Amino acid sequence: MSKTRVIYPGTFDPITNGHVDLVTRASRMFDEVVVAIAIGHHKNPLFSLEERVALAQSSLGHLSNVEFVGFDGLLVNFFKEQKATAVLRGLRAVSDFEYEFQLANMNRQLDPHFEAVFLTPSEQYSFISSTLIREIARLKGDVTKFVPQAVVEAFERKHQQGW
């Protein structure tokens, strides 16, 4: 009867309705869910860590078993420090299934306790990529159908500088 705690890592740059669906499904099946935002120092996210955490808190903060934290370093060290039972990842028709096996199997070799669980989002999110959403917003299209309203406003406010 001990508690389950799953980590859901990603760059969440920005959070999308697909991610929302996923976390909502995970929060129904596990006792605690950690939205783990990889800081992305060598990798350059469009939105800062503070913006990405805050956008995630506004979409998901009404679920009381979901926490929000930024991390860097190795996923397996974070997993250990957090006392996690597993890491969750999203699998979609558009997923690199073989890349997920690779991450799961390498991380198990770094830490034999590591465990990975996969959820599959509602089919209507099956085809949304964060890359395409950034590209649509960058070319001034409308992203309302793909992301929460707070993210739509964040793209205007990003645009209210040069962008």
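C-alpha atoms forming the largest set that superposes within 1.5 Å between two forms make up the rigid core. So that there is no doubt, residue numbering starts at 1 and follows the sequence shown.
- The stretch that moves more in 4 other deposited structures of this protein, judged by CA deviation after a rigid core superposition and choosing between 127-135 and 51-59, is 127-135.
- A fit on the rigid core, followed by a root mean square over CA positions in 4 other deposited structures of this protein, ranks 112-120 against 92-100 and picks 92-100 as the more shifted one.
- Stretches compared: 87-95, 72-80. Higher mean C-alpha B-factor in the entry: 87-95.
- Just going by the entry, 45-53 versus 58-66 on mean CA temperature factor gives the higher value to 58-66.
- Residue-level temperature factors show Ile128 in the highest third of its chain, judged at the C-alpha atom.
- When the modelled residues of the chain are ordered by C-alpha B-factor, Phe101 sits in the highest third.
- Among all modelled residues in its chain, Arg138 ranks in the middle third by Cα B-factor.
- The PDB entry assigns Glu32 a C-alpha temperature factor belonging to the middle third of its chain's modelled residues.
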